[PDB]
Structure formats: C-alpha cells, structure tokens
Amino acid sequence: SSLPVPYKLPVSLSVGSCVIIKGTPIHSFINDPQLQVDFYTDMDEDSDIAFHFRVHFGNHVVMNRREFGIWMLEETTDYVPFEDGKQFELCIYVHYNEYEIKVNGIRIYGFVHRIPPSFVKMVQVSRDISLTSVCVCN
C-alpha cells in the first residue's frame, strides 16, 4: 500500500470539496473484506463523525453518524458496484445539503448533512484495503 492503513488525513472541507480515494481490497469477496471511511470532526478517534461509510464488499454499504458520542440512525443501500480483486475509485462530493458518494463513476447514495461539512477536520480510511492515493480537490 502506498499509504498506511488506517490512514488519518487532516482535511478542511467546504461545499464543492471532493474526497477521492483509490485502492484495492486486500481480500477476495468470498472472504468478506470491508472498507471504512469516517469524516471525523477531530484527529481523535472518539470525536464525533459527520459521516461514517462502511462497505461490505459484494454485499451492502452501511452509513451513519455519531453525534455527542452517540451513533444515530443507521442508513444503508444494497448498491455496491465494487468489483472483486480490482482497484476502485471512490469519490465523496460535498454538496450544500449532502455528501454524494460515487463508486467507480457510479452515484450510489446521498448522505444528507446533519452538521455542516466544514466541521470535518480529518478523514480516516480504514480496514481491508490497500490504499493507492487519496486526494482532496476543490
């Protein structure tokens, strides 16, 4: 992996920002690998999370947020167009009222903001992936 995992990237996000994550699952899908991305409000891992995104490859994606240290109501979708054993491109676009999640060009979900995205100070990419690159663009 070009980058250690868990990767904790200090960030500053605004409407118009795009988080671009490239990597490869380190296991085949029959072994149930996962990929997790957290939009943290601080470098500390117990800080609140504006947006938690956990993919179970070949299966489904689970999304939540953690406010005042409390996990809120979980959201999911079954649309996980990641392909087994290959590099993916995952972009997260900060729109005015949601995070738009794109997987290899495909929009899968819009996670609606419950706190302003400008409170996000760190993005952590974690679990069963080899990380090729992460970019934050505007």
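Quick note: we count residues from 1 along the sequence shown, nothing fancier.
Read off the CA B-factors in the entry, average them over 120-128 and over 10-18, and name the higher stretch. It is 10-18.
Using only C-alpha atoms and the B-factors in the entry, which stretch averages higher, 34-42 or 87-95? It is 87-95.
What's the residue among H60, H52, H27, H113 with the greatest CA temperature factor in the PDB record? So the option with the highest C-alpha B-factor is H60.
Among all modelled residues of this chain, ranked by Cα B factor, put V103 in the bottom, middle or top third, i.e. lowest, middle or highest. As the PDB entry reports it, the C-alpha B-factor of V103 lands in the highest third of its chain.
Taking the entry's C-alpha B-factors for this chain, is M72 in the lowest, middle or highest third? Lowest third, going by the recorded CA B-factors of the chain.
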